[PDB]
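Data block below; observations after.
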Number of protein chains: 4
Amino acid sequence: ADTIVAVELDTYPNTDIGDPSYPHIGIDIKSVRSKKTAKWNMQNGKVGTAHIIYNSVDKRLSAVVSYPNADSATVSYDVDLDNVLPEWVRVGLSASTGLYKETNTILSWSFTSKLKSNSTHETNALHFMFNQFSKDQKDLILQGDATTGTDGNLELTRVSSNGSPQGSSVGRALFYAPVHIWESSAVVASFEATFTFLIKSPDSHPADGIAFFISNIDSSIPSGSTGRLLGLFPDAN
Amino acid sequence: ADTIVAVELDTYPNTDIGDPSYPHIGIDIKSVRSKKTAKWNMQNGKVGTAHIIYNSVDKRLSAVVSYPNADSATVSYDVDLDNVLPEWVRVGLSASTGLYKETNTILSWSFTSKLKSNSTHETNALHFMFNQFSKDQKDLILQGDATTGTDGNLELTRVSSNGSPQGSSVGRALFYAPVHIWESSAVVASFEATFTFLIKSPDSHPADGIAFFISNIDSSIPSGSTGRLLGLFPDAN
Amino acid sequence: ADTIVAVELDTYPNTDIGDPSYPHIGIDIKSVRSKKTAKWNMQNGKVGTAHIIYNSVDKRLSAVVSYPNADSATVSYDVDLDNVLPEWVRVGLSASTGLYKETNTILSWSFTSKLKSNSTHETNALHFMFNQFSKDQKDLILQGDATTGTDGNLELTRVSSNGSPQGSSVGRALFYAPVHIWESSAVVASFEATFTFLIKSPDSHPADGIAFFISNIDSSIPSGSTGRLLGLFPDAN
Amino acid sequence: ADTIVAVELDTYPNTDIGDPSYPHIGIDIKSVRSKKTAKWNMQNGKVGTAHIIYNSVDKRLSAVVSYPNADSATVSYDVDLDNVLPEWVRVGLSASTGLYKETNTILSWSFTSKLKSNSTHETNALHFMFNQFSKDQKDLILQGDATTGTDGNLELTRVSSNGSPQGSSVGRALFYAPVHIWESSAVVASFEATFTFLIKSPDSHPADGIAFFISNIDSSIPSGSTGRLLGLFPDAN
Ligand SMILES: O=[N+]([O-])c1ccc(O[C@H]2O[C@H](CO)[C@@H](O)[C@H](O)[C@H]2O)cc1
Ligand SMILES: O=[N+]([O-])c1ccc(O[C@H]2O[C@H](CO)[C@@H](O)[C@H](O)[C@H]2O)cc1
Ligand SMILES: O=[N+]([O-])c1ccc(O[C@H]2O[C@H](CO)[C@@H](O)[C@H](O)[C@H]2O)cc1
Ligand SMILES: O=[N+]([O-])c1ccc(O[C@H]2O[C@H](CO)[C@@H](O)[C@H](O)[C@H]2O)cc1
Ligand SMILES: [Ca+2]
Ligand SMILES: [Ca+2]
Ligand SMILES: [Ca+2]
Ligand SMILES: [Ca+2]
Ligand SMILES: [Mn+2]
Ligand SMILES: [Mn+2]
Ligand SMILES: [Mn+2]
Ligand SMILES: [Mn+2]
């Protein structure tokens with residue numbers, strides 16, 4: 001099994017699995033059934049930005065999603081990641097379409113991991129930032145239908161020349177280098193991530209959503225995880 | 001007097017005003033009667049470190065103090081600075097003594113403050129990092145008995161030529177340029193400071209402590225803010 | 001008088017004082033008479049980016065001005081800045097108009113000074129970055145006609161409500177906190193600034209220029225510096 | 001074979017292959033016979049720090065080695081890396097011993113690279129810093145005798161239980177994720193590296209040196225590259 005911690009930008013409400021009756025953002029801890037969600041006003045065609053922050057001091061994961069001139073959705077969950085994650089992990093973005101479809105384009109992405117110790121002045125860290133992706137983005141592990149290059153953007157799910165988004169698609173893109181998310185001697189551990197997304201659909205309701213996840217190094221897309229499972233979890237439990 | 005928000009490293013328990021019967025950590029908002037406290041196994045003679053963090057997402061101010069190969073004190077508090085501070089401020093370090101003394105020596109200090117806008121790539125930030133203080137540190141506003149140069153350190157309170165601390169002393173150090181702590185359009189607003197220190201004393205009980213405060217641009221040690229008032233508040237009311 | 005070092009984005013050619021027969025970029029080591037220049041193909045109305053860098057290992061000052069969809073004009077000179085500037089200085093922007101005029105709008109400004117001492121890795125550093133300029137910017141010393149808050153940009157020179165520039169104008173913008181540009185116990189000294197400008201002129205003869213400058217803490221607009229002197233020098237010597 | 005561009009801290013004078021009569025810092029381009037060098041007052045048994053720097057503006061590679069309060073060696077060379085290195089590479093350290101020995105301890109390492117493209121306000125960048133090497137450092141490709149964890153340091157070559165160094169050893173350490181060292185659209189490409197070391201030989205005649213190299217993704221220790229070849233080049237041709 002895989003250990004998954006993630007913030008989901010869910011566009012399609014699957015009321016049957018406890019989804020709110022509207023698009024939303026939520027914190028997923030080892031399950032597709034969000035521990036805490038927040039109403040989100042999905043804007044079709046408009047480029048949204050999403051900022052996620054976390055630190056072991058207050059032990060609280062938070063996510064803010066905003067569109068220029070428009071409001072912002074926020075959500076926070078009290079979680080001690082050191083109990084719910086391997087010491088080493090791999091960070092990345094996931095997205096998927098199902099019966100309904102949408103474009104899950106990632107215009108940019110940046111991440112910052114920071115491990116401060118008890119020993120004065122000793123600190124380990126990692127940070128990367130992409131403002132444009134290359135066809136051969138040699139530092140991202142592409143998985144599924146994820147492809148880089150087109151217009152310098154990262155397409156997490158299948159699209160066509162018409163610009164049309166294909167249904168039943170699923171893709172993931174995660175940074176090559178393993179992230180050292182925590183440790184015992186660390187007095188303060190905290191990570192921060194930011195990405196800009198572009199989502200638009202031709203049909204009545206877009207689906208299914210983009211998500212930022214943290215997982216163990218060898219994580220591979222679970223069998224039949226398109227649609228409601230956002231390409232992250234193997235079952236809707 | 002004016003507005004002050006601070007995290008205090010209180011080494012001497014002043015019961016009459018609210019100090020618990022032990023050296024502690026605490027969040028101070030517009031008053032010297034802490035909103036939150038946490039025991040702190042003060043290590044006399046040792047070099048300690050402190051980390052202060054805040055962000056408008058979850059909206060909590062928290063601090064952590066540690067010593068190499070030892071425990072770590074922690075304290076957080078819910079506070080929306082938007083309702084407690086002027087949009088523009090100055091940040092600094094304070095210290096003091098009275099009947100009993102101690103050395104409030106700061107070995108290094110750093111600070112970072114960012115303002116993430118609602119519009120993509122609109123981020124305003126400021127960050128300085130003092131790892132070595134000089135005889136004429138032109139970018140700091142030294143107040144009270146604060147001096148620079150001694151071993152490249154920053155002495156907040158008076159120290160005798162041989163090194164011995166001196167009672168009834170009050171000093172301060174404010175970075176020169178004003179900091180734009182918050183803004184109404186900012187989607188995310190945060191800051192974080194860090195400093196290593198040395199609190200050494202001869203007598204049975206060191207006093208009074210060290211503190212990181214944030215106040216309005218124009219600010220100086222309030223009349224009579226010696227000892228238990230840490231040089232931050234004009235009174236204990 | 002004031003000790004100045006500047007990178008000049010010269011739009012109007014003042015052949016009479018050494019200006020090449022075409023708009024250009026040049027390095028000024030204490031005189032308006034550039035120590036070296038390179039042809040700059042201006043792009044009236046296009047937002048461009050300026051990149052300036054320097055380190056004490058090479059003693060070479062370098063600048064690069066580029067536009068989207070076009071080649072860039074690079075320029076570099078060997079100048080031991082510690083043998084020209086004080087240990088502490090002030091960084092800022094300057095712009096002026098003469099008979100003919102233009103808009104010297106600054107969209108964003110960023111700067112970073114890193115002074116790495118000789119001790120292990122005890123580094124000192126300052127970094128500010130603006131991507132949005134507020135109406136009352138308590139951290140910027142405005143001089144001359146320089147205004148802010150206009151579209152969240154910085155207006156170095158004069159402009160009328162209808163976005164029409166004015167002539168015989170001069171304005172400067174200086175960062176508040178002094179900058180310790182050089183130490184003598186540091187193994188490596190380095191700095192860099194980047195700004196994005198928007199120059200639009202109606203009279204088919206844009207004048208006069210923009211310039212990044214480093215000066216003495218108390219620097220100020222010289223008299224009659226408007227026009228060909230870019231509000232930086234008192235004469236064309 | 002592999003394409004190597006390295007900065008060598010050559011402790012042993014192999015006159016037979018161009019090494020000066022004294023220890024030195026040299027710049028190696030697709031060869032072990034340095035293009036340029038400089039005398040190095042190697043201080044047997046004391047922590048030192050090397051600092052590499054390079055940028056595309058003035059296309060120059062420089063290095064500075066220094067021990068606390070002592071001689072500061074320096075060496076530079078003009079080289080357009082984009083015409084020598086693959087658009088994608090890997091970075092890492094390397095050290096070795098032969099008939100003579102020495103401890104090749106790295107106590108910390110940091111790297112940072114940025115790519116400012118023609119695209120206004122859009123950058124790409126990678127930065128990592130290690131102040132402590134974990135027993136199981138999952139983001140480094142240890143080759144040869146390279147081992148981390150011991151004393152929280154990183155041992156590039158063989159070191160006996162009693163601490164004594166061993167002869168005829170070679171080790172490497174390359175960061176896991178590939179580094180997009182350059183790209184056409186980039187108006188300004190530039191990296192920076194910084195690392196502290198502790199070379200000590202229990203006598204007076206040490207050898208053979210350490211080196212910071214940039215190589216093609218799949219570089220492996222050449223056969224017989226011990227000692228004078230520093231585990232970087234297949235032949236001292
Ligand atoms: O509107 N409907 O009646 C309706 C249509 C489809 C539906 O589920 C299907 O499509 C979703 C959207 O792609 C997926 O999340 C889900 O995995 C898949 O089973 C549920 C209800
Ligand atoms: O021993 N005692 O009982 C005793 C000693 C001192 C005392 O207060 C005095 O010294 C403190 C420590 O310097 C200050 O915080 C305080 O402002 C000042 O009034 C109170 C009681
Ligand atoms: O027609 N002309 O040949 C002619 C006209 C004006 C002129 O100078 C005046 O206007 C310039 C552009 O605003 C300034 O650079 C200069 O400082 C100012 O004195 C020079 C030549
Ligand atoms: O006795 N000596 O002084 C003496 C010692 C060693 C020597 O060369 C040998 O050892 C070097 C140092 O390990 C290697 O770099 C070199 O590859 C190998 O041939 C030459 C003379
Ligand atoms: Ca759903
Ligand atoms: Ca007290
Ligand atoms: Ca001119
Ligand atoms: Ca040699
Ligand atoms: Mn959901
Ligand atoms: Mn107290
Ligand atoms: Mn000129
Ligand atoms: Mn050599």
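By order of appearance in the structure tokens: chains A, B, ..., then residues from 1 within every chain, and ligands from 1 in the order shown.
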
Residues of chain D near chain B: apply a cut-off of 12 Å, count only C-alpha atoms, and supply the list as a list in words.
residues 120, 121, 122 and 123 of chain D

Name all residues at most 7 Å from residue 90 of chain D (count only C-alpha atoms; drop same-chain ones fewer than 6 positions away) and give them as a list in words.
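Residues meeting the cut-off are residues 174, 175, 178, 179, 214, 215, 216 and 217 of chain D.
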
Neighbouring residues of ligand 11 are defined here as those with any atom at most 10 Å from a ligand atom, counting only C-alpha atoms and all ligand atoms; list them as a PyMOL selection string.
chain C and resi 7-15+17-28+32-34+36-37+208-209+228-230

Let's have the selection written as a compact mmCIF listing (two decimals), in the first residue's frame, with N, CA, C and O atoms.
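again_38.txt was written with the following content:
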# COMPACT_ATOMS: atom_id res chain seq x y z
N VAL C 7 24.51 52.00 -13.90
CA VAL C 7 24.28 51.30 -15.17
C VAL C 7 23.20 52.15 -15.81
O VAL C 7 22.10 52.31 -15.25
N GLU C 8 23.50 52.74 -16.96
CA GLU C 8 22.55 53.61 -17.63
C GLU C 8 21.86 53.07 -18.88
O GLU C 8 22.52 52.64 -19.83
N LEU C 9 20.54 53.08 -18.85
CA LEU C 9 19.73 52.67 -19.99
C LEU C 9 19.47 53.98 -20.73
O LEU C 9 18.46 54.65 -20.51
N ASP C 10 20.43 54.36 -21.56
CA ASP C 10 20.36 55.63 -22.28
C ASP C 10 19.54 55.61 -23.57
O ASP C 10 19.94 54.99 -24.56
N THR C 11 18.43 56.35 -23.58
CA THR C 11 17.57 56.41 -24.75
C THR C 11 17.90 57.53 -25.74
O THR C 11 17.80 57.33 -26.96
N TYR C 12 18.26 58.71 -25.24
CA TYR C 12 18.60 59.83 -26.12
C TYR C 12 20.12 59.98 -26.25
O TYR C 12 20.83 60.04 -25.25
N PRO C 13 20.63 60.04 -27.49
CA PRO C 13 22.08 60.19 -27.69
C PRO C 13 22.56 61.63 -27.57
O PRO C 13 22.15 62.51 -28.33
N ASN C 14 23.41 61.86 -26.58
CA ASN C 14 24.00 63.18 -26.37
C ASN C 14 25.45 63.05 -26.84
O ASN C 14 26.38 62.93 -26.03
N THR C 15 25.61 63.03 -28.16
CA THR C 15 26.92 62.90 -28.80
C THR C 15 27.92 63.91 -28.26
O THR C 15 29.10 63.60 -28.08
N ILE C 17 28.47 64.85 -25.42
CA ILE C 17 29.14 64.43 -24.19
C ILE C 17 29.64 63.00 -24.24
O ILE C 17 29.80 62.35 -23.21
N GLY C 18 29.89 62.50 -25.45
CA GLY C 18 30.39 61.14 -25.58
C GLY C 18 29.38 60.04 -25.88
O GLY C 18 29.77 58.92 -26.22
N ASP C 19 28.10 60.34 -25.77
CA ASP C 19 27.08 59.34 -26.04
C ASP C 19 27.22 58.77 -27.43
O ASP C 19 27.37 59.53 -28.40
N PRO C 20 27.23 57.43 -27.56
CA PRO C 20 27.33 56.79 -28.87
C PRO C 20 26.18 57.35 -29.71
O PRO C 20 25.18 57.82 -29.16
N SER C 21 26.28 57.25 -31.02
CA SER C 21 25.26 57.80 -31.90
C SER C 21 23.90 57.09 -31.90
O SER C 21 23.06 57.35 -32.76
N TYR C 22 23.64 56.28 -30.88
CA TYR C 22 22.40 55.51 -30.80
C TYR C 22 22.06 55.14 -29.35
O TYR C 22 22.96 55.12 -28.50
N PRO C 23 20.78 54.84 -29.06
CA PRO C 23 20.38 54.46 -27.70
C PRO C 23 21.29 53.31 -27.28
O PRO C 23 21.67 52.48 -28.12
N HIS C 24 21.63 53.23 -26.00
CA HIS C 24 22.56 52.21 -25.55
C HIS C 24 22.53 51.99 -24.05
O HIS C 24 21.70 52.58 -23.34
N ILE C 25 23.43 51.14 -23.57
CA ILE C 25 23.57 50.87 -22.15
C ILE C 25 25.06 50.99 -21.83
O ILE C 25 25.90 50.52 -22.61
N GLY C 26 25.39 51.65 -20.73
CA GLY C 26 26.78 51.81 -20.37
C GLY C 26 27.04 51.86 -18.88
O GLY C 26 26.16 52.22 -18.09
N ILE C 27 28.26 51.47 -18.50
CA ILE C 27 28.66 51.47 -17.11
C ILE C 27 29.38 52.77 -16.73
O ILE C 27 30.40 53.12 -17.33
N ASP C 28 28.82 53.48 -15.76
CA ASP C 28 29.36 54.76 -15.26
C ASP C 28 30.10 54.58 -13.94
O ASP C 28 29.49 54.31 -12.90
N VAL C 32 29.29 60.74 -16.02
CA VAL C 32 28.21 60.48 -16.97
C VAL C 32 28.83 59.90 -18.24
O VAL C 32 28.15 59.25 -19.05
N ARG C 33 30.12 60.14 -18.40
CA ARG C 33 30.86 59.66 -19.55
C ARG C 33 31.23 58.19 -19.35
O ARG C 33 32.30 57.87 -18.83
N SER C 34 30.32 57.31 -19.77
CA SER C 34 30.47 55.86 -19.63
C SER C 34 31.85 55.27 -19.89
O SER C 34 32.52 55.60 -20.86
N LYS C 36 32.24 52.25 -20.61
CA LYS C 36 32.01 51.23 -21.63
C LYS C 36 30.52 51.19 -21.95
O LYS C 36 29.69 51.35 -21.06
N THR C 37 30.20 51.03 -23.23
CA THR C 37 28.80 50.97 -23.68
C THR C 37 28.56 49.86 -24.69
O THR C 37 29.49 49.26 -25.23
N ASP C 208 15.00 60.48 -21.34
CA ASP C 208 16.45 60.51 -21.51
C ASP C 208 17.09 59.20 -21.08
O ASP C 208 18.15 58.81 -21.59
N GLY C 209 16.46 58.52 -20.13
CA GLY C 209 17.00 57.25 -19.67
C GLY C 209 16.59 56.84 -18.28
O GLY C 209 15.84 57.53 -17.58
N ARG C 228 20.04 65.27 -19.87
CA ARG C 228 21.16 64.37 -20.15
C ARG C 228 21.99 63.89 -18.98
O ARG C 228 22.85 63.02 -19.16
N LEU C 229 21.77 64.43 -17.78
CA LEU C 229 22.55 63.97 -16.64
C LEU C 229 21.86 62.90 -15.78
O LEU C 229 22.39 62.48 -14.74
N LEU C 230 20.68 62.48 -16.22
CA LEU C 230 19.90 61.43 -15.56
C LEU C 230 19.69 61.59 -14.05
O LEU C 230 19.59 60.59 -13.32

Contacts of residue 99 of chain A within 12 Å, only C-alpha atoms, excl. fewer than 6 positions in-chain, as a PDB file with N, CA, C and O atoms, in the first residue's frame:
ATOM      1  N   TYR A  12     -15.454  17.761  -9.104  1.00  0.00           N
ATOM      2  CA  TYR A  12     -16.702  17.006  -9.192  1.00  0.00           C
ATOM      3  C   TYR A  12     -17.106  16.396  -7.852  1.00  0.00           C
ATOM      4  O   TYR A  12     -16.377  15.593  -7.272  1.00  0.00           O
ATOM      5  N   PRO A 165      -9.960  18.250 -23.936  1.00  0.00           N
ATOM      6  CA  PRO A 165      -9.515  17.361 -22.859  1.00  0.00           C
ATOM      7  C   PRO A 165     -10.196  15.988 -22.928  1.00  0.00           C
ATOM      8  O   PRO A 165     -11.425  15.893 -23.004  1.00  0.00           O
ATOM      9  N   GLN A 166      -9.398  14.924 -22.909  1.00  0.00           N
ATOM     10  CA  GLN A 166      -9.936  13.570 -22.968  1.00  0.00           C
ATOM     11  C   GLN A 166     -10.394  13.064 -21.606  1.00  0.00           C
ATOM     12  O   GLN A 166      -9.780  13.364 -20.574  1.00  0.00           O
ATOM     13  N   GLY A 167     -11.485  12.307 -21.607  1.00  0.00           N
ATOM     14  CA  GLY A 167     -12.009  11.757 -20.373  1.00  0.00           C
ATOM     15  C   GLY A 167     -11.213  10.541 -19.945  1.00  0.00           C
ATOM     16  O   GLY A 167     -10.255  10.166 -20.614  1.00  0.00           O
ATOM     17  N   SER A 168     -11.599   9.942 -18.822  1.00  0.00           N
ATOM     18  CA  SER A 168     -10.940   8.756 -18.274  1.00  0.00           C
ATOM     19  C   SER A 168      -9.416   8.770 -18.344  1.00  0.00           C
ATOM     20  O   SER A 168      -8.777   7.733 -18.553  1.00  0.00           O
ATOM     21  N   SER A 169      -8.843   9.955 -18.142  1.00  0.00           N
ATOM     22  CA  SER A 169      -7.399  10.139 -18.167  1.00  0.00           C
ATOM     23  C   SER A 169      -6.889  10.277 -16.734  1.00  0.00           C
ATOM     24  O   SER A 169      -7.657  10.564 -15.812  1.00  0.00           O
ATOM     25  N   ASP A 203     -17.859  20.581 -21.407  1.00  0.00           N
ATOM     26  CA  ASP A 203     -19.135  20.077 -20.925  1.00  0.00           C
ATOM     27  C   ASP A 203     -19.715  20.855 -19.747  1.00  0.00           C
ATOM     28  O   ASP A 203     -19.146  21.848 -19.293  1.00  0.00           O
ATOM     29  N   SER A 204     -20.836  20.352 -19.242  1.00  0.00           N
ATOM     30  CA  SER A 204     -21.560  20.954 -18.129  1.00  0.00           C
ATOM     31  C   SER A 204     -20.768  21.020 -16.829  1.00  0.00           C
ATOM     32  O   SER A 204     -20.798  22.030 -16.121  1.00  0.00           O
ATOM     33  N   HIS A 205     -20.123  19.914 -16.478  1.00  0.00           N
ATOM     34  CA  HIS A 205     -19.374  19.853 -15.234  1.00  0.00           C
ATOM     35  C   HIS A 205     -17.970  19.324 -15.429  1.00  0.00           C
ATOM     36  O   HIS A 205     -17.785  18.228 -15.958  1.00  0.00           O
ATOM     37  N   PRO A 206     -16.957  20.108 -15.037  1.00  0.00           N
ATOM     38  CA  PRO A 206     -15.588  19.629 -15.194  1.00  0.00           C
ATOM     39  C   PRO A 206     -15.389  18.493 -14.193  1.00  0.00           C
ATOM     40  O   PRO A 206     -16.261  18.245 -13.357  1.00  0.00           O
ATOM     41  N   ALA A 207     -14.263  17.797 -14.292  1.00  0.00           N
ATOM     42  CA  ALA A 207     -13.947  16.695 -13.393  1.00  0.00           C
ATOM     43  C   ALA A 207     -12.588  16.171 -13.813  1.00  0.00           C
ATOM     44  O   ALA A 207     -12.257  16.216 -14.993  1.00  0.00           O
ATOM     45  N   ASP A 208     -11.795  15.680 -12.867  1.00  0.00           N
ATOM     46  CA  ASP A 208     -12.251  15.443 -11.507  1.00  0.00           C
ATOM     47  C   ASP A 208     -11.531  16.308 -10.493  1.00  0.00           C
ATOM     48  O   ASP A 208     -12.068  16.599  -9.426  1.00  0.00           O
ATOM     49  N   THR A 226      -8.862   6.398 -11.875  1.00  0.00           N
ATOM     50  CA  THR A 226      -9.322   7.561 -12.618  1.00  0.00           C
ATOM     51  C   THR A 226     -10.597   8.056 -11.942  1.00  0.00           C
ATOM     52  O   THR A 226     -11.021   7.505 -10.922  1.00  0.00           O
ATOM     53  N   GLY A 227     -11.192   9.110 -12.485  1.00  0.00           N
ATOM     54  CA  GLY A 227     -12.420   9.631 -11.919  1.00  0.00           C
ATOM     55  C   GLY A 227     -12.336  10.153 -10.498  1.00  0.00           C
ATOM     56  O   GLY A 227     -11.460  10.951 -10.168  1.00  0.00           O
ATOM     57  N   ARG A 228     -13.248   9.681  -9.654  1.00  0.00           N
ATOM     58  CA  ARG A 228     -13.340  10.095  -8.256  1.00  0.00           C
ATOM     59  C   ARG A 228     -12.090   9.914  -7.390  1.00  0.00           C
ATOM     60  O   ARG A 228     -11.878  10.683  -6.450  1.00  0.00           O
TER      61      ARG A 228
END

So that I can check the surroundings of residue 220 of chain A, please list as an NGL selection string every protein, DNA and RNA residue that reaches within 12 Å of it, counting only C-alpha atoms and ignoring chain neighbours fewer than 6 positions away.
:A and (1-4 or 90 or 92 or 94 or 141-144 or 170-174 or 231-234)

Write out as a ChimeraX atom specification which residues come within 8 Å of residue 191 of chain A when counting only C-alpha atoms, dropping same-chain ones fewer than 5 positions away.
/A:53-55,111-114,181

Just want the 9 Å neighbourhood of residue 45 of chain C, counted on only C-alpha atoms, with same-chain residues fewer than 6 positions away dropped. Output as a list in words.
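Listing them by chain and then by number gives residues 198, 199, 200 and 201 of chain C.
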
Any chance you can output those residues with N, CA, C and O atoms as a PDB file, in the first residue's frame?
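Final file, again-v7.pdb:
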ATOM      1  N   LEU C 198       9.063  50.032 -18.248  1.00  0.00           N
ATOM      2  CA  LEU C 198       8.109  50.259 -19.320  1.00  0.00           C
ATOM      3  C   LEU C 198       8.280  51.698 -19.771  1.00  0.00           C
ATOM      4  O   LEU C 198       7.770  52.629 -19.145  1.00  0.00           O
ATOM      5  N   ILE C 199       9.048  51.866 -20.841  1.00  0.00           N
ATOM      6  CA  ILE C 199       9.326  53.173 -21.419  1.00  0.00           C
ATOM      7  C   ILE C 199       8.461  53.379 -22.661  1.00  0.00           C
ATOM      8  O   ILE C 199       8.546  52.603 -23.613  1.00  0.00           O
ATOM      9  N   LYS C 200       7.596  54.382 -22.639  1.00  0.00           N
ATOM     10  CA  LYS C 200       6.771  54.676 -23.802  1.00  0.00           C
ATOM     11  C   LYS C 200       6.858  56.173 -24.062  1.00  0.00           C
ATOM     12  O   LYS C 200       6.634  56.983 -23.161  1.00  0.00           O
ATOM     13  N   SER C 201       7.269  56.525 -25.274  1.00  0.00           N
ATOM     14  CA  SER C 201       7.424  57.916 -25.679  1.00  0.00           C
ATOM     15  C   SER C 201       6.583  58.202 -26.913  1.00  0.00           C
ATOM     16  O   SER C 201       6.431  57.343 -27.783  1.00  0.00           O
TER      17      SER C 201
END

What is the distance between atom 10 (O, counted along the ligand's line) of ligand 3 and atom CA of residue 224 of chain C, in Å to one decimal?
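Separation between atom 10 (O, counted along the ligand's line) of ligand 3 and atom CA of residue 224 of chain C: 12.0 Å.
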
Within segment 41-236 of chain C, find each residue whose DSSP state, derived from the backbone, is strand (DSSP E), and express the selection as an NGL selection string.
:C and (48-55 or 60-66 or 73-78 or 90-96 or 105-117 or 123-130 or 140-144 or 147-150 or 153-155 or 159-160 or 164-165 or 170-175 or 186-198 or 209-215)

Give me a file of those residues, with C-alpha atoms, as a short mmCIF file (atom, residue, chain, number, x, y, z; two decimals), in the first residue's frame.
data_model
loop_
_atom_site.label_atom_id
_atom_site.label_comp_id
_atom_site.auth_asym_id
_atom_site.auth_seq_id
_atom_site.Cartn_x
_atom_site.Cartn_y
_atom_site.Cartn_z
CA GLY C 48 11.94 44.96 -20.64
CA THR C 49 14.15 43.43 -17.96
CA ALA C 50 17.48 44.66 -16.62
CA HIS C 51 19.94 42.26 -14.95
CA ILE C 52 22.97 43.55 -13.04
CA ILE C 53 25.49 41.36 -11.17
CA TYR C 54 28.89 41.72 -9.51
CA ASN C 55 31.24 39.74 -7.25
CA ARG C 60 33.58 42.72 -13.01
CA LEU C 61 30.33 44.66 -13.15
CA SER C 62 27.86 43.11 -15.62
CA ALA C 63 24.48 44.19 -16.99
CA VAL C 64 22.05 42.63 -19.44
CA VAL C 65 19.02 44.35 -20.93
CA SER C 66 16.60 42.18 -22.86
CA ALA C 73 22.48 43.87 -25.01
CA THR C 74 25.14 42.68 -22.58
CA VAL C 75 27.83 44.90 -21.05
CA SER C 76 30.63 44.33 -18.55
CA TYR C 77 33.62 46.15 -17.11
CA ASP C 78 36.38 45.31 -14.62
CA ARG C 90 22.58 53.14 -0.67
CA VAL C 91 21.08 51.50 -3.77
CA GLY C 92 18.39 53.04 -5.94
CA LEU C 93 16.88 53.90 -9.32
CA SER C 94 16.99 57.19 -11.24
CA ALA C 95 15.35 58.62 -14.36
CA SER C 96 14.98 61.92 -16.20
CA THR C 105 7.79 53.29 -15.28
CA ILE C 106 9.25 50.58 -13.05
CA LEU C 107 7.07 47.46 -12.76
CA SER C 108 9.27 45.56 -10.30
CA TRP C 109 12.60 45.90 -8.52
CA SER C 110 14.66 43.25 -6.71
CA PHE C 111 18.12 43.36 -5.07
CA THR C 112 20.35 41.02 -3.08
CA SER C 113 23.60 41.73 -1.25
CA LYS C 114 25.59 38.79 0.15
CA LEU C 115 28.77 39.43 2.09
CA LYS C 116 30.40 36.09 2.92
CA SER C 117 33.00 36.57 5.63
CA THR C 123 27.45 35.00 5.92
CA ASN C 124 25.60 38.33 6.11
CA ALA C 125 22.92 39.25 3.58
CA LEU C 126 20.09 41.55 2.60
CA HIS C 127 17.37 40.95 0.04
CA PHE C 128 14.32 43.02 -0.83
CA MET C 129 11.94 42.47 -3.72
CA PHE C 130 8.95 44.44 -4.94
CA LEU C 140 11.42 53.77 -0.04
CA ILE C 141 13.01 57.21 0.03
CA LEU C 142 11.36 59.01 -2.87
CA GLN C 143 13.21 61.95 -4.42
CA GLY C 144 12.27 64.43 -7.12
CA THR C 147 5.64 58.78 -7.28
CA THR C 148 4.21 55.40 -6.31
CA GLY C 149 0.84 53.68 -6.01
CA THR C 150 0.09 54.49 -9.65
CA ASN C 153 4.01 50.78 -10.10
CA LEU C 154 6.81 53.28 -9.49
CA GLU C 155 6.80 56.49 -11.52
CA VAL C 159 3.39 61.91 -15.99
CA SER C 160 -0.03 63.52 -16.52
CA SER C 164 1.27 61.34 -20.86
CA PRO C 165 4.90 61.91 -19.79
CA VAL C 170 13.79 64.01 -12.57
CA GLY C 171 13.01 61.50 -9.86
CA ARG C 172 14.85 58.85 -7.89
CA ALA C 173 13.84 55.98 -5.65
CA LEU C 174 16.20 54.84 -2.90
CA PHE C 175 15.85 51.81 -0.61
CA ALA C 186 35.09 38.69 3.59
CA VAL C 187 36.31 36.09 1.09
CA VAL C 188 33.53 36.83 -1.40
CA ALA C 189 31.39 39.96 -1.81
CA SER C 190 28.48 39.98 -4.26
CA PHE C 191 25.29 41.77 -5.25
CA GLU C 192 22.61 41.84 -7.92
CA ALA C 193 19.51 43.77 -8.92
CA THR C 194 16.84 43.22 -11.52
CA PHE C 195 14.08 45.54 -12.61
CA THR C 196 11.43 45.58 -15.29
CA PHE C 197 10.74 48.89 -16.97
CA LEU C 198 8.11 50.26 -19.32
CA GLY C 209 17.00 57.25 -19.67
CA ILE C 210 16.82 55.08 -16.58
CA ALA C 211 19.70 54.02 -14.37
CA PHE C 212 20.44 51.71 -11.49
CA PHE C 213 22.86 53.37 -9.08
CA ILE C 214 24.86 52.79 -5.94
CA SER C 215 25.80 55.87 -3.93
#
